[PDB]
Amino acid sequence: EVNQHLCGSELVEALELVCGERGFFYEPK
Amino acid sequence: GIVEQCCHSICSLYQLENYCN
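Below, the structure is looked at part by part. Residue numbers count from 1 along every chain, following the sequence as written rather than necessarily the entry numbering; any residue without coordinates is not displayed. All chains are assigned letters beginning with A, and all ligands numbers beginning with 1, in the order in which they are written. To get the side-chain values, take all heavy atoms of the structure and skip hydrogens and water.

1. Examining the pattern of salt bridges
Residue and element names in this part refer to chain A.
Logical step 1: For this analysis, a salt bridge means a side-chain nitrogen from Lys or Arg found within 4 Å of a carboxyl oxygen belonging to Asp or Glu. Summed over all chains, the structure comprises one salt bridge over all chains.
Logical step 2: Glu-27 is paired through a salt bridge with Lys-29; the nearest N and O atoms lie 3.8 Å apart.
Logical step 3: A 1.4 Å probe rolled over the protein chains alone gives each residue an accessible area, and that area as a share of the maximum for its type sets the label: buried under 20%, exposed over 50%, partly exposed in between. Residue class for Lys-29 comes out exposed when judged on its relative accessible area of 88%.

2. Concerning the interface of chain A and chain B
Interface size, as often reported, equals the accessible area lost upon joining of the parts.
Logical step 1: Tallying the contact residues gives 16 residues for chain A and 14 residues for chain B.
Logical step 2: Across the chain A to chain B interface the summed buried area is about 1,300 Å²; carbon plus sulfur atoms make up 76%.
Logical step 3: Summed over the shared surface of chain A and chain B, the number is zero salt bridges.
Logical step 4: Between N or O atoms, a polar contact is any pair within 3.5 Å; within protein, one atom must be a potential hydrogen donor and the other a potential acceptor, and residues adjacent in sequence are included only when both atoms are from side chains. Counting the contacts that link chain A with chain B gives three residue pairs in polar contact.
Logical step 5: Note that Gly is not counted as nonpolar here; it falls among the polar residues with everything else outside the nonpolar set of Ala, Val, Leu, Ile, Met, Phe, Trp, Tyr, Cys and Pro and the charged set of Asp, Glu, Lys and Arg. In terms of residue class, the side of chain A that touches chain B is built from 11 nonpolar, four polar and one charged. Residue contacts are counted whenever heavy atoms from the two residues lie within 4.5 Å of one another. What gets called buried area is simply the loss in accessible area from a 1.4 Å probe that two parts show on being joined, summed for both.

3. Regarding the environment of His-5 of chain A
Residue and element names in this part refer to chain A.
Logical step 1: Its place among the elements puts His-5 in the segment before α1 (10-18).
Logical step 2: On the basis of relative accessible area, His-5 is assigned to the partly exposed category, the value being 35%.
Logical step 3: Along the sequence, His-5 and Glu-21 sit 16 residues apart, while their C-alpha atoms lie 25 Å from each other. By definition, any uninterrupted DSSP run of H or I lasting at least four residues is a helix, any uninterrupted run of E lasting at least two residues is a strand, and each is numbered from the N terminus.

4. Describing the state of the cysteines
Logical step 1: Disulfides are defined as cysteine sulfur pairs within 2.5 Å. One pass over the structure, following the stated rule, counts three disulfides over all chains.
Logical step 2: One disulfide bridge connects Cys-7 of chain A with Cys-7 of chain B, the sulfur atoms lying 2.0 Å from each other. Taking the torsion about the sulfur-sulfur bond, which here is approximately 90°, the covalent link between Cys-7 of chain A and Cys-7 of chain B counts as right-handed.
Logical step 3: Relative accessible area serves as the criterion here: at 15%, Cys-7 of chain B is assigned to the buried category.
Logical step 4: Sulfur-sulfur distance for the disulfide between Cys-19 of chain A and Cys-20 of chain B comes to 2.0 Å. Given an S-S torsion of about 60°, the disulfide between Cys-19 of chain A and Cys-20 of chain B has right-handed geometry.
Logical step 5: Classification of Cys-19 of chain A as buried rests on a relative accessible area of 15%.
Logical step 6: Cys-20 of chain B sits in the partly exposed class, given a relative accessible area of 26%.

Below you can see the structure in the form of structure tokens.
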């Protein structure tokens, strides 16, 4: 049911959609 | 955590709802 590990970038695409124009901490590079 | 719940397993969205500053 739409359940898969979001690693690489898909996560950031879903991380900036739940926060908004504020920004989130997620750039382990 | 984000890579321990999204990369180690599946992440829905409520998990990333706490990482929003």
